[PDB]
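The data block below is data18.cif; it holds mmCIF, C-alpha atoms.
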```cif
data_target
loop_
_atom_site.label_atom_id
_atom_site.label_comp_id
_atom_site.auth_asym_id
_atom_site.auth_seq_id
_atom_site.Cartn_x
_atom_site.Cartn_y
_atom_site.Cartn_z
CA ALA W 178 94.55 -19.29 -29.89
CA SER W 179 91.27 -18.00 -28.40
CA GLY W 180 88.52 -20.59 -28.53
CA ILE W 181 85.89 -22.49 -26.57
CA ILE W 182 82.58 -20.88 -27.55
CA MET W 183 78.83 -21.59 -27.46
CA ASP W 184 75.66 -21.04 -29.49
CA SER W 185 71.86 -20.90 -29.41
CA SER W 186 69.25 -22.70 -31.50
CA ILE W 187 65.77 -22.28 -32.99
CA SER W 188 63.23 -24.60 -34.62
CA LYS W 189 60.60 -24.84 -37.37
CA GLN W 190 57.21 -26.57 -37.63
CA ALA W 191 57.82 -28.55 -40.81
CA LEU W 192 54.83 -30.94 -40.64
CA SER W 193 52.59 -28.42 -42.39
CA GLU W 194 50.74 -31.15 -44.30
CA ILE W 195 47.05 -31.17 -43.39
CA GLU W 196 45.35 -34.25 -41.93
CA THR W 197 41.76 -33.18 -41.16
CA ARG W 198 40.51 -33.84 -44.70
CA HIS W 199 41.10 -37.61 -44.60
CA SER W 200 39.61 -37.97 -41.10
CA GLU W 201 36.02 -37.04 -42.10
CA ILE W 202 34.99 -40.61 -42.90
CA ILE W 203 31.87 -40.45 -40.72
CA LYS W 204 29.43 -40.01 -43.61
CA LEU W 205 30.41 -43.31 -45.24
CA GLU W 206 29.78 -45.06 -41.92
CA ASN W 207 26.40 -43.31 -41.74
CA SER W 208 25.47 -44.57 -45.21
CA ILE W 209 26.51 -48.14 -44.42
CA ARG W 210 24.62 -47.91 -41.11
CA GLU W 211 21.53 -46.97 -43.12
CA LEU W 212 22.19 -49.98 -45.37
CA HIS W 213 22.42 -52.31 -42.36
CA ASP W 214 19.24 -50.76 -40.96
CA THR R 197 43.30 -42.49 -57.39
CA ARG R 198 41.15 -41.02 -54.63
CA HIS R 199 38.34 -39.87 -56.92
CA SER R 200 37.97 -43.16 -58.80
CA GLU R 201 37.74 -45.36 -55.70
CA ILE R 202 35.52 -42.95 -53.75
CA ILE R 203 33.11 -42.58 -56.67
CA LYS R 204 33.07 -46.35 -57.24
CA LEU R 205 32.17 -46.95 -53.60
CA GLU R 206 29.46 -44.28 -53.78
CA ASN R 207 28.00 -45.83 -56.95
CA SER R 208 27.90 -49.30 -55.40
CA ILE R 209 26.29 -47.97 -52.21
CA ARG R 210 23.66 -45.98 -54.12
CA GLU R 211 22.80 -48.93 -56.37
CA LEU R 212 22.44 -51.19 -53.33
CA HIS R 213 20.20 -48.64 -51.59
CA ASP R 214 17.93 -48.20 -54.62
CA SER S 130 42.97 -48.86 -56.48
CA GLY S 131 46.51 -48.97 -55.12
CA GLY S 132 45.63 -47.19 -51.88
CA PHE S 133 43.15 -44.94 -50.13
CA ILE S 134 45.09 -42.67 -47.71
CA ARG S 135 47.75 -40.12 -48.66
CA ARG S 136 50.64 -40.97 -46.33
CA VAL S 137 51.53 -37.39 -45.48
CA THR S 138 51.89 -38.47 -41.83
CA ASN S 139 53.59 -41.82 -42.54
CA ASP S 140 53.35 -43.96 -39.38
CA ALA S 141 51.57 -47.31 -39.12
CA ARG S 142 48.16 -45.77 -38.37
CA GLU S 143 47.70 -44.90 -42.04
CA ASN S 144 48.95 -48.20 -43.47
CA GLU S 145 46.47 -50.51 -41.76
CA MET S 146 43.69 -48.02 -42.50
CA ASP S 147 44.33 -48.27 -46.23
CA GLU S 148 44.30 -52.07 -46.27
CA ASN S 149 41.02 -52.22 -44.36
CA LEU S 150 39.35 -49.90 -46.85
CA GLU S 151 40.54 -52.02 -49.77
CA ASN Y 319 43.74 -8.04 0.66
CA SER Y 320 46.01 -10.58 -1.05
CA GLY Y 321 48.30 -13.04 0.70
CA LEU Y 322 52.10 -13.00 0.60
CA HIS Y 323 54.39 -14.68 -1.94
CA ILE Y 324 58.03 -15.52 -1.20
CA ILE Y 325 60.85 -16.19 -3.67
CA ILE Y 326 64.29 -17.44 -2.62
CA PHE Y 327 67.13 -16.97 -5.10
CA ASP Y 328 70.21 -19.07 -4.33
CA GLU Y 329 73.69 -17.93 -5.37
CA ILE Y 330 72.28 -14.92 -7.19
CA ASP Y 331 75.69 -13.86 -8.53
CA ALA Y 332 75.51 -16.67 -11.12
CA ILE Y 333 72.99 -15.07 -13.50
CA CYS Y 334 72.93 -11.42 -12.40
CA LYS Y 335 76.39 -10.02 -13.11
CA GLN Y 336 77.08 -6.49 -14.34
CA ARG Y 337 75.52 -5.63 -17.69
CA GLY Y 338 77.85 -4.96 -20.60
CA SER Y 339 80.72 -6.87 -18.99
CA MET Y 340 80.95 -9.78 -21.45
CA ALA Y 341 78.54 -8.74 -24.23
CA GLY Y 342 75.90 -10.83 -22.47
CA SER Y 343 77.91 -13.96 -23.33
CA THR Y 344 76.01 -14.54 -26.60
CA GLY Y 345 73.11 -12.39 -25.41
CA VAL Y 346 71.28 -14.45 -22.79
CA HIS Y 347 73.27 -13.17 -19.79
CA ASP Y 348 72.01 -9.63 -20.55
CA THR Y 349 68.39 -10.23 -21.54
CA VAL Y 350 68.01 -12.24 -18.33
CA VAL Y 351 69.07 -9.26 -16.22
CA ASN Y 352 66.89 -6.87 -18.22
CA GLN Y 353 63.82 -9.09 -17.80
CA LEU Y 354 64.39 -9.48 -14.06
CA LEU Y 355 64.81 -5.73 -13.58
CA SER Y 356 61.71 -4.90 -15.61
CA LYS Y 357 59.73 -7.48 -13.63
CA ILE Y 358 60.64 -6.58 -10.03
CA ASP Y 359 59.58 -2.92 -10.41
CA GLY Y 360 57.97 -1.82 -13.67
CA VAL Y 361 55.17 0.32 -15.08
CA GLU Y 362 52.68 -2.04 -13.46
CA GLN Y 363 53.03 -2.23 -9.68
CA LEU Y 364 52.93 -5.11 -7.21
CA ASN Y 365 52.74 -4.91 -3.43
CA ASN Y 366 52.62 -8.54 -2.22
CA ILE Y 367 56.03 -10.08 -3.01
CA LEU Y 368 59.32 -10.57 -1.15
CA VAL Y 369 62.66 -11.56 -2.69
CA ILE Y 370 65.62 -12.94 -0.71
CA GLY Y 371 69.12 -13.29 -2.13
CA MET Y 372 72.37 -14.86 -0.98
CA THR Y 373 75.95 -14.67 -2.24
CA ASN Y 374 79.59 -14.70 -1.14
CA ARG Y 375 80.87 -12.09 -3.65
CA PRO Y 376 78.62 -9.04 -3.20
CA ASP Y 377 80.68 -6.60 -5.32
CA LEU Y 378 79.86 -8.27 -8.66
CA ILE Y 379 76.07 -7.88 -8.69
CA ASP Y 380 74.63 -5.24 -11.01
CA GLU Y 381 74.33 -1.81 -9.41
CA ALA Y 382 70.96 -1.03 -11.02
CA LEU Y 383 69.55 -3.85 -8.87
CA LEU Y 384 70.95 -2.89 -5.43
CA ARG Y 385 68.99 0.36 -5.05
CA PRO Y 386 66.22 1.27 -2.59
CA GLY Y 387 62.94 -0.10 -3.91
CA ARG Y 388 64.44 -3.32 -5.31
CA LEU Y 389 66.73 -4.84 -2.63
CA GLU Y 390 66.87 -2.49 0.36
CA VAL Y 391 68.00 -4.48 3.40
CA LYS Y 392 71.60 -5.61 2.89
CA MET Y 393 73.10 -7.65 5.73
CA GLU Y 394 76.53 -9.10 6.47
CA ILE Y 395 76.91 -12.32 8.46
CA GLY Y 396 80.33 -12.81 10.04
CA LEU Y 397 82.23 -15.00 12.46
CA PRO Y 398 80.94 -14.94 16.05
CA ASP Y 399 82.68 -13.94 19.28
CA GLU Y 400 83.00 -15.73 22.62
CA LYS Y 401 79.35 -15.36 23.62
CA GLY Y 402 78.23 -16.37 20.14
CA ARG Y 403 80.38 -19.49 20.30
CA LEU Y 404 78.96 -20.36 23.72
CA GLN Y 405 75.41 -19.98 22.38
CA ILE Y 406 76.18 -22.08 19.29
CA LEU Y 407 77.69 -24.84 21.43
CA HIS Y 408 74.62 -24.67 23.69
CA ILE Y 409 72.22 -25.07 20.75
CA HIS Y 410 73.83 -28.27 19.44
CA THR Y 411 74.07 -30.22 22.73
CA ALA Y 412 70.49 -30.01 24.01
CA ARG Y 413 69.35 -33.48 22.95
CA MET Y 414 72.28 -35.24 24.65
CA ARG Y 415 71.91 -33.30 27.89
CA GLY Y 416 68.19 -34.09 27.82
CA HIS Y 417 68.62 -37.88 27.85
CA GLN Y 418 71.75 -38.03 30.06
CA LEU Y 419 74.17 -39.14 27.33
CA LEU Y 420 76.69 -36.44 28.33
CA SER Y 421 79.26 -36.86 31.09
CA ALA Y 422 79.27 -34.51 34.09
CA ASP Y 423 82.91 -33.41 33.64
CA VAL Y 424 82.37 -31.56 30.33
#
```
Could you render the structure from this file as structure tokens?
Amino acid sequence: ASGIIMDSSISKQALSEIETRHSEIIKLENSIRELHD
Amino acid sequence: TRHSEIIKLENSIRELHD
Amino acid sequence: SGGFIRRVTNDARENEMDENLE
Amino acid sequence: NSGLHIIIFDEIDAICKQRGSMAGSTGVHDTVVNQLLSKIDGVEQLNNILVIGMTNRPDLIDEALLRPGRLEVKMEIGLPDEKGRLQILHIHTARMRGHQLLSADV
């Protein structure tokens, strides 16, 4: 009964979903800053 | 739902400005 | 209108954000 | 005009065994040797390095590594003889003899 072995591993970047689009909220702050001005 | 809320906020802001 | 941020990232950072906007 | 860089492998017979002996043991044990060989002396040339290796079983290391130009100076360190033993015993009893902690009948 030959046995006792090993292995190697790899990975994958699964969080492909973009996030930059929802982070460009600056313009709304600019408009409300103008309102407060 | 994004479009409705964003456009509503823009309309309110523009009306307030004018 | 039921939310403002698409929770693609999950995590708490999004949740609070949404509420504030509302 | 560059300085000098020193590398000290320890127990080099643990990652540098003969190629094709165990199918690289799932591959890594062969690519490691190939990378090391290609790096010590390759198409590009270096002239400011020095590699020192130690081992107790010197007939297992890959032959393509123990050639002139890669590891030239091979040395064997063995048990000493009477004069060597006297010198070794002299080295390790200097501090005592300095401060008079050693009896005069030794």
Which residues are near range 133-143 of chain S? Cut-off 10 Å, all atoms listed in the file, ignore same chain within fewer than 2 positions. Put them as a ChimeraX atom specification.
/W:192-196,199-200 /R:197-199,201-202 /S:130-131,145-151
Mind giving me the axis-aligned box for range 193-209 of chain W with 8 Å on every side, centre plus edges in Å to one decimal, as lines of an AutoDock Vina configuration file?
```
center_x = 39.0
center_y = -38.3
center_z = -43.0
size_x = 43.1
size_y = 35.7
size_z = 20.5
```
Residues near range 372-375 of chain Y, anyone? I mean within 12 Å using all atoms listed in the file, not counting same-chain ones fewer than 2 positions away, as a list in words.
residues 325, 326, 327, 328, 329, 330, 331, 332, 333, 334, 335, 369, 370, 377, 378, 379, 380, 389, 392, 393, 394, 395 and 396 of chain Y
Just how far from CA of residue 337 in chain Y is CA of residue 386 in chain Y, in Å to one decimal?
19.0 Å
Write out as a ChimeraX atom specification each polymer residue whose atoms come within 8 Å of residue 348 in chain Y, counting only C-alpha atoms; drop sequence neighbours fewer than 6 positions from it.
/Y:337-338,341-342
Please evaluate the PyMOL selection byres ((chain R) within 12 of (chain W)) against the displayed coordinates and give the resulting residues as number ranges by chain.
R: 198, 202-203, 205-206, 208-214
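Taking CA of residue 358 in chain Y and CA of residue 388 in chain Y as the two end points, the separation is 6.9 Å.
Rounded to one decimal, CA of residue 353 in chain Y and CA of residue 383 in chain Y lie 11.8 Å from each other.
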With only C-alpha atoms counted and 12 Å as the cut-off, give the residues of chain W in contact with chain Y, each with its shortest interatomic distance in Å and the pair that gives it, as a Markdown table.
```
| residue | atom | partner | partner_atom | distance |
| --- | --- | --- | --- | --- |
| W:182 | CA | Y:344 | CA | 9.2 |
| W:183 | CA | Y:344 | CA | 7.6 |
| W:184 | CA | Y:344 | CA | 7.1 |
| W:185 | CA | Y:344 | CA | 8.1 |
| W:186 | CA | Y:344 | CA | 11.7 |
```
Kindly save the residues from that selection, with C-alpha atoms included, as a PDB file, keeping the file's coordinate frame.
```pdb
ATOM      1  CA  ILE W 182      82.580 -20.880 -27.550  1.00  0.00           C
ATOM      2  CA  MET W 183      78.830 -21.590 -27.460  1.00  0.00           C
ATOM      3  CA  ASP W 184      75.660 -21.040 -29.490  1.00  0.00           C
ATOM      4  CA  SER W 185      71.860 -20.900 -29.410  1.00  0.00           C
ATOM      5  CA  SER W 186      69.250 -22.700 -31.500  1.00  0.00           C
TER       6      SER W 186
END
```
As a PDB file, in the frame of the given file, could you write out range 362-383 of chain Y once it has been completed with N, CA, C and O atoms?
```pdb
ATOM      1  N   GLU Y 362      53.639  -1.433 -14.371  1.00  0.00           N
ATOM      2  CA  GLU Y 362      52.680  -2.040 -13.460  1.00  0.00           C
ATOM      3  C   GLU Y 362      53.339  -2.251 -12.104  1.00  0.00           C
ATOM      4  O   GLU Y 362      54.552  -2.455 -12.007  1.00  0.00           O
ATOM      5  N   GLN Y 363      52.530  -2.206 -11.050  1.00  0.00           N
ATOM      6  CA  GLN Y 363      53.030  -2.230  -9.680  1.00  0.00           C
ATOM      7  C   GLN Y 363      52.465  -3.415  -8.919  1.00  0.00           C
ATOM      8  O   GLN Y 363      51.285  -3.756  -9.062  1.00  0.00           O
ATOM      9  N   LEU Y 364      53.317  -4.037  -8.108  1.00  0.00           N
ATOM     10  CA  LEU Y 364      52.930  -5.110  -7.210  1.00  0.00           C
ATOM     11  C   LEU Y 364      53.293  -4.728  -5.786  1.00  0.00           C
ATOM     12  O   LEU Y 364      54.229  -3.957  -5.555  1.00  0.00           O
ATOM     13  N   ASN Y 365      52.542  -5.272  -4.826  1.00  0.00           N
ATOM     14  CA  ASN Y 365      52.740  -4.910  -3.430  1.00  0.00           C
ATOM     15  C   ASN Y 365      52.656  -6.116  -2.497  1.00  0.00           C
ATOM     16  O   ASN Y 365      52.475  -5.937  -1.287  1.00  0.00           O
ATOM     17  N   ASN Y 366      52.776  -7.335  -3.021  1.00  0.00           N
ATOM     18  CA  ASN Y 366      52.620  -8.540  -2.220  1.00  0.00           C
ATOM     19  C   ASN Y 366      53.674  -9.583  -2.587  1.00  0.00           C
ATOM     20  O   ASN Y 366      53.364 -10.767  -2.745  1.00  0.00           O
ATOM     21  N   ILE Y 367      54.931  -9.164  -2.732  1.00  0.00           N
ATOM     22  CA  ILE Y 367      56.030 -10.080  -3.010  1.00  0.00           C
ATOM     23  C   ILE Y 367      57.189  -9.771  -2.066  1.00  0.00           C
ATOM     24  O   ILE Y 367      57.233  -8.725  -1.418  1.00  0.00           O
ATOM     25  N   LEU Y 368      58.131 -10.710  -1.997  1.00  0.00           N
ATOM     26  CA  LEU Y 368      59.320 -10.570  -1.150  1.00  0.00           C
ATOM     27  C   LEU Y 368      60.410 -11.453  -1.727  1.00  0.00           C
ATOM     28  O   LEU Y 368      60.196 -12.655  -1.907  1.00  0.00           O
ATOM     29  N   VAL Y 369      61.573 -10.870  -2.013  1.00  0.00           N
ATOM     30  CA  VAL Y 369      62.660 -11.560  -2.690  1.00  0.00           C
ATOM     31  C   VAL Y 369      63.880 -11.572  -1.780  1.00  0.00           C
ATOM     32  O   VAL Y 369      64.286 -10.522  -1.269  1.00  0.00           O
ATOM     33  N   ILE Y 370      64.462 -12.754  -1.580  1.00  0.00           N
ATOM     34  CA  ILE Y 370      65.620 -12.940  -0.710  1.00  0.00           C
ATOM     35  C   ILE Y 370      66.770 -13.466  -1.557  1.00  0.00           C
ATOM     36  O   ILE Y 370      66.582 -14.375  -2.371  1.00  0.00           O
ATOM     37  N   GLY Y 371      67.954 -12.898  -1.363  1.00  0.00           N
ATOM     38  CA  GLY Y 371      69.120 -13.290  -2.130  1.00  0.00           C
ATOM     39  C   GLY Y 371      70.320 -13.542  -1.246  1.00  0.00           C
ATOM     40  O   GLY Y 371      70.479 -12.934  -0.188  1.00  0.00           O
ATOM     41  N   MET Y 372      71.179 -14.451  -1.705  1.00  0.00           N
ATOM     42  CA  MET Y 372      72.370 -14.860  -0.980  1.00  0.00           C
ATOM     43  C   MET Y 372      73.550 -14.915  -1.936  1.00  0.00           C
ATOM     44  O   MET Y 372      73.387 -15.222  -3.119  1.00  0.00           O
ATOM     45  N   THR Y 373      74.741 -14.621  -1.421  1.00  0.00           N
ATOM     46  CA  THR Y 373      75.950 -14.670  -2.240  1.00  0.00           C
ATOM     47  C   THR Y 373      77.160 -14.411  -1.360  1.00  0.00           C
ATOM     48  O   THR Y 373      77.056 -13.796  -0.296  1.00  0.00           O
ATOM     49  N   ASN Y 374      78.317 -14.890  -1.826  1.00  0.00           N
ATOM     50  CA  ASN Y 374      79.590 -14.700  -1.140  1.00  0.00           C
ATOM     51  C   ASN Y 374      80.440 -13.591  -1.747  1.00  0.00           C
ATOM     52  O   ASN Y 374      81.419 -13.174  -1.120  1.00  0.00           O
ATOM     53  N   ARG Y 375      80.098 -13.110  -2.942  1.00  0.00           N
ATOM     54  CA  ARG Y 375      80.870 -12.090  -3.650  1.00  0.00           C
ATOM     55  C   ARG Y 375      79.924 -10.938  -3.981  1.00  0.00           C
ATOM     56  O   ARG Y 375      79.413 -10.844  -5.105  1.00  0.00           O
ATOM     57  N   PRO Y 376      79.670 -10.043  -3.025  1.00  0.00           N
ATOM     58  CA  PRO Y 376      78.620  -9.040  -3.200  1.00  0.00           C
ATOM     59  C   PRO Y 376      79.031  -7.796  -3.975  1.00  0.00           C
ATOM     60  O   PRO Y 376      78.228  -6.860  -4.061  1.00  0.00           O
ATOM     61  N   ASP Y 377      80.240  -7.740  -4.529  1.00  0.00           N
ATOM     62  CA  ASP Y 377      80.680  -6.600  -5.320  1.00  0.00           C
ATOM     63  C   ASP Y 377      80.679  -6.883  -6.814  1.00  0.00           C
ATOM     64  O   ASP Y 377      81.283  -6.125  -7.580  1.00  0.00           O
ATOM     65  N   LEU Y 378      80.024  -7.962  -7.246  1.00  0.00           N
ATOM     66  CA  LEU Y 378      79.860  -8.270  -8.660  1.00  0.00           C
ATOM     67  C   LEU Y 378      78.450  -8.013  -9.166  1.00  0.00           C
ATOM     68  O   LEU Y 378      78.266  -7.816 -10.372  1.00  0.00           O
ATOM     69  N   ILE Y 379      77.456  -8.015  -8.275  1.00  0.00           N
ATOM     70  CA  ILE Y 379      76.070  -7.880  -8.690  1.00  0.00           C
ATOM     71  C   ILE Y 379      75.849  -6.517  -9.342  1.00  0.00           C
ATOM     72  O   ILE Y 379      76.518  -5.528  -9.016  1.00  0.00           O
ATOM     73  N   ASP Y 380      74.899  -6.466 -10.274  1.00  0.00           N
ATOM     74  CA  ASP Y 380      74.630  -5.240 -11.010  1.00  0.00           C
ATOM     75  C   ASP Y 380      74.151  -4.139 -10.074  1.00  0.00           C
ATOM     76  O   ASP Y 380      73.338  -4.376  -9.177  1.00  0.00           O
ATOM     77  N   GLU Y 381      74.657  -2.923 -10.295  1.00  0.00           N
ATOM     78  CA  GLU Y 381      74.330  -1.810  -9.410  1.00  0.00           C
ATOM     79  C   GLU Y 381      72.873  -1.391  -9.552  1.00  0.00           C
ATOM     80  O   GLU Y 381      72.232  -1.006  -8.567  1.00  0.00           O
ATOM     81  N   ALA Y 382      72.327  -1.467 -10.764  1.00  0.00           N
ATOM     82  CA  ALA Y 382      70.960  -1.030 -11.020  1.00  0.00           C
ATOM     83  C   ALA Y 382      69.939  -1.910 -10.310  1.00  0.00           C
ATOM     84  O   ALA Y 382      68.735  -1.651 -10.385  1.00  0.00           O
ATOM     85  N   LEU Y 383      70.409  -2.956  -9.627  1.00  0.00           N
ATOM     86  CA  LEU Y 383      69.550  -3.850  -8.870  1.00  0.00           C
ATOM     87  C   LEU Y 383      69.624  -3.613  -7.365  1.00  0.00           C
ATOM     88  O   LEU Y 383      68.636  -3.858  -6.665  1.00  0.00           O
TER      89      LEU Y 383
END
```
